[PDB]
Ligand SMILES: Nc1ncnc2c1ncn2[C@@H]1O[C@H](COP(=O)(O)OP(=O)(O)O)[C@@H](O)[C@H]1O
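Shown next as structure tokens: one chain only, the form deposited without the named molecule.
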């Protein structure tokens, strides 16, 4: 019933090597998209691309924090494939700590990819997206919709992405480029599967669905936000969090 939903659409995915990035690549690919799997590292995106239909997936190296590199990537993709239809700004760096536990370097690391990456990839994709009346889906976070204990820089950066999603949706929605985010809770990885049962129980107590988000469940929302069914959704920061942000913060008794 979703067969062909993204037939011959060009989807650029940044952070394509991470768990949400791979799940996105596979979901959009299954619905007919041509995927561009953009990431810093080579092995993960190459492996995913080689698993997808011949001629329908390509991998690129990018540092999304480098505006010159990003401009050149977006123009080459549009040149090589004739079009860009969807940008998934899914690159992400996290560092744990308060501002007293994290360095200027930690700030530059988080800000460069999590903020600058969204600004640069959106600014340089937009001329292509305007031609196709395509869209942008930002990977924001639960951590951009309110604060965390012990991730101050990360919360600042994801806060920037949530409000930039709003501002850009106002600037470009009326010219036919819808701009939205997904705000996932912590996604099931092995950088989460590796946590002790004490720690994974504390996360699950706070989520009414009582488990972590699967990456496929976040990908499903990204695909929906890029679909014609989302024609009137613009500037939205969609919580994909099992209820996490629906709480006023009071404990579950």
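Numbering follows the first chain given and starts at 1.
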property	result
Higher-B stretch (mean Cα B-factor, as the entry records it), 231 to 239 or 8 to 16	8 to 16
Stretch with the greater mean C-alpha B-factor as recorded in the entry, comparing 77 to 85 against 149 to 157	77 to 85
Residue 123 - Cα temperature factor, lowest/middle/highest third of chain	middle
Third of chain Cα B-factors occupied by residue 109	middle
B-factor third for the C-alpha atom of residue 71 within its chain	middle
Residue 184, C-alpha B-factor rank within chain (lowest, middle or highest third)	lowest
Chain third (lowest, middle, highest) by recorded CA B-factor, residue given as residue 226	lowest
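We do not show the form deposited with the named molecule bound, though everything after this point is about it.
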query	finding
Triplet 40, 62 and 113 all within 4.5 Å of the named molecule in the deposited complex via a heavy atom	yes
Listed range touching the named molecule, judged in the deposited complex by heavy atoms within 4.5 Å, from 100 to 108, 86 to 94, 173 to 181, 122 to 130	86 to 94
Close approach of residue 18 to the named molecule in the deposited complex, 4.5 Å, heavy atom	yes
